[PDB]
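**Q** An experimental structure, sequence included, is below.
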Amino acid sequence: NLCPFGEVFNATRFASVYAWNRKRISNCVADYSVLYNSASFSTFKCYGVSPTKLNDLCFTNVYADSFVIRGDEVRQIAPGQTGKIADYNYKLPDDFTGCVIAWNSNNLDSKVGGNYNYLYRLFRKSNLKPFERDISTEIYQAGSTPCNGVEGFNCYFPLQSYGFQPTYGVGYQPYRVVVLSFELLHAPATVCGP
Amino acid sequence: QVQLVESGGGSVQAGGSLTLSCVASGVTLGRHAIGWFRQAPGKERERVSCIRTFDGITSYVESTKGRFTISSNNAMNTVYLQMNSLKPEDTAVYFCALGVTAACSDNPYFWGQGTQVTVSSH
Ligand SMILES: *[C@@H]1O[C@H](CO)[C@@H](O)[C@H](O)[C@H]1NC(C)=O
């Protein structure tokens, strides 16, 4: 019974990072080696596990988180990082057990006139906790004056558009990111290699 | 504070083209409406073109449709006005203008100092 990684990695549409998608993977066989040895990925960085051992391991669950960010923001999808994406959109824990997988998606996610569909959160009163998702759109008070829910001077809608242009340099181009979290509870482990 | 840095413009003969640029600082493009106004001799300041940087939707006035093209590079915080098929009557001070909402139909809040465009007749 094959893990549905196709549905994750080959989804036509990816989530905005602020509204990052999570798929729970369970009760299935996963060939991680075929992903790890793929030339398709520009980032494949594992924490707390060796990628060469993944086909020999069983986990209680795998969570597949996915979203789009800029090439120059992929460095923020790692334990201990800071910046608008790590702080306000998607935060990995210090004790992360999993792999961060990314690839350039300029051919899918940019278009003539710009693709404005992908958003990020630019403003928040505090940093996200690890694996916290915030999809709120409260007006952010950026000045000394209360906003009273009105977008205006120093009163910001907290989400902004990347506006991906196909002519953007590689740092500004869209990257698709899949984060695999490996859960190791003292319980039956139902997601295994071949 | 927010600043709008304008560049481009100057002199061109009728039928020629100019590109104006506007760089926003103190604000990040991707939510607000940003665009151009102009003030020709003996005329009130008027809308030229606007782009919603949240969703890329552009707007023009009857005298600018087709000839002028507005575009945004959100990553570079820059908007551009490509002005083709210029006429002497396009002679004006062109102002970059930034709203505090997503809507191009709303009034601008922040203004550039303005850039002279002079189109000479044949
Ligand atoms: C995604 O599709 C490509 C091309 O059809 C294929 O090589 C690959 O097996 C698929 N990836 C996954 C993770 O299923």
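**A** Here it is on my side, so go on. Residues are numbered from 1 along each chain as shown, chains lettered A, B, ... in the order given.
**Q** ok, now which ones touch the residue nearest the centre of chain B?
**A** The centroid of chain B falls nearest to residue B:36 when counting by C-alpha atoms, centre = their mean (2.5 Å). By C-beta atoms under 8 Å, 6 or more residues apart in numbering or on different chains, the residues touching residue B:36 are B:20, B:22, B:48-50, B:70, B:81, B:94-97. Using the backbone N, CA and C atoms, a C-beta is placed for each residue, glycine as well.
**Q** Present these as CSV; the columns should include secondary structure.
**A** CSV is the format used below for those (DSSP: H, G, I helix; E, B strand; the rest coil):
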residue, secondary structure
B:20, strand
B:22, strand
B:48, strand
B:49, strand
B:50, strand
B:70, strand
B:81, strand
B:94, strand
B:95, strand
B:96, strand
B:97, strand
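**Q** Could you point out the member of those that lies closest to residue A:135?
**A** residue B:50 (28.4 Å; C-beta to C-beta).
**Q** separation between the closest one and residue A:77?
**A** According to C-beta to C-beta, to the nearest Å, residue B:50 and residue A:77 sit 35 Å apart.
**Q** thinking again about what came up before, and the residue nearest to the centre of chain B, bridged to which residues?
**A** residue B:49, residue B:96 (DSSP bridges).
**Q** Give me the phi and psi for whichever residue of chain B sits closest to the ligand.
**A** Going by C-beta to the nearest ligand atom, the ligand is nearest to residue B:75 of chain B, at 28.4 Å. Backbone torsions of residue B:75, given as degrees, to the nearest 10, read phi -60, psi -40.
**Q** May I ask you to confirm that it is in contact with residue A:73?
**A** No. Contact criterion C-beta atoms under 8 Å: residue B:75 and residue A:73 do not qualify, at 11.1 Å.
**Q** and the two? which has more neighbours close in?
**A** Using other C-beta atoms under 10 Å in any protein chain shown as the criterion, residue B:75 and residue A:73 rank with residue A:73 on top: 24 against 21.
**Q** Angles on the backbone of the more buried one, please.
**A** Torsion angles, degrees, to the nearest 10, at residue A:73: phi -100, psi -10.
**Q** And for it, nearest residue in space, chain neighbours not counted?
**A** residue A:85 (4.7 Å; C-beta to C-beta, 6 or more residues apart in numbering or on different chains).
**Q** Residues of chain A that sit close to the ligand?
**A** Contact residues (C-beta under 6 Å from any ligand atom) of chain A with the ligand: A:5-6, A:9-10.
**Q** Let's see that with 8 Å instead.
**A** A:5-6, A:8-10, A:34-35, A:38, A:40 (C-beta under 8 Å from any ligand atom).
**Q** What's the ChimeraX line that selects buried ones from those residues?
**A** A single ChimeraX command selects the buried members of these (16 or more other C-beta atoms under 10 Å in any protein chain shown):
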select /A:5,8,9,35
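**Q** Show only the entries of the residues of chain A next to the ligand found in helices.
**A** Among the residues of chain A next to the ligand, the members falling in helices (DSSP state H) are A:5-6, A:8-9, A:34-35.
**Q** in chain B, which spans are strands?
**A** Using DSSP state E, the strands of chain B run over residues B:3-7, B:10-13, B:18-25, B:33-39, B:46-52, B:58-60, B:68-73, B:78-83, B:92-98, B:110-111, B:115-120.
**Q** what about those strands, which gets the closest to residue A:19?
**A** Of all the strands of chain B, strand B:46-52 comes closest under C-beta to C-beta, at 20.2 Å.
**Q** does the residue of chain A most remote from its centre belong to a helix or a strand, and which?
**A** Most distant residue from the mean C-alpha position of chain A: residue A:145, 34.1 Å away (C-alpha atoms, centre = their mean). Of the helices and strands defined by DSSP states H and E, none includes residue A:145.
**Q** Distance of it relative to residue A:124?
**A** In terms of C-beta to C-beta, residue A:145 sits 19 Å off from residue A:124.
**Q** that older thread, out of the ones in helices among the residues of chain A next to the ligand, which is nearest to residue A:168?
**A** residue A:9 (22.9 Å).
**Q** give me every residue that touches the closest residue to that closest one other than its chain neighbours.
**A** Of all residues not flanking residue A:9 in the chain, residue A:178 sits nearest, at 6.1 Å (C-beta to C-beta, 6+ apart). Going by C-beta under 8 Å, 6+ apart, residue A:178 touches A:8-9, A:64-66, A:101-102.
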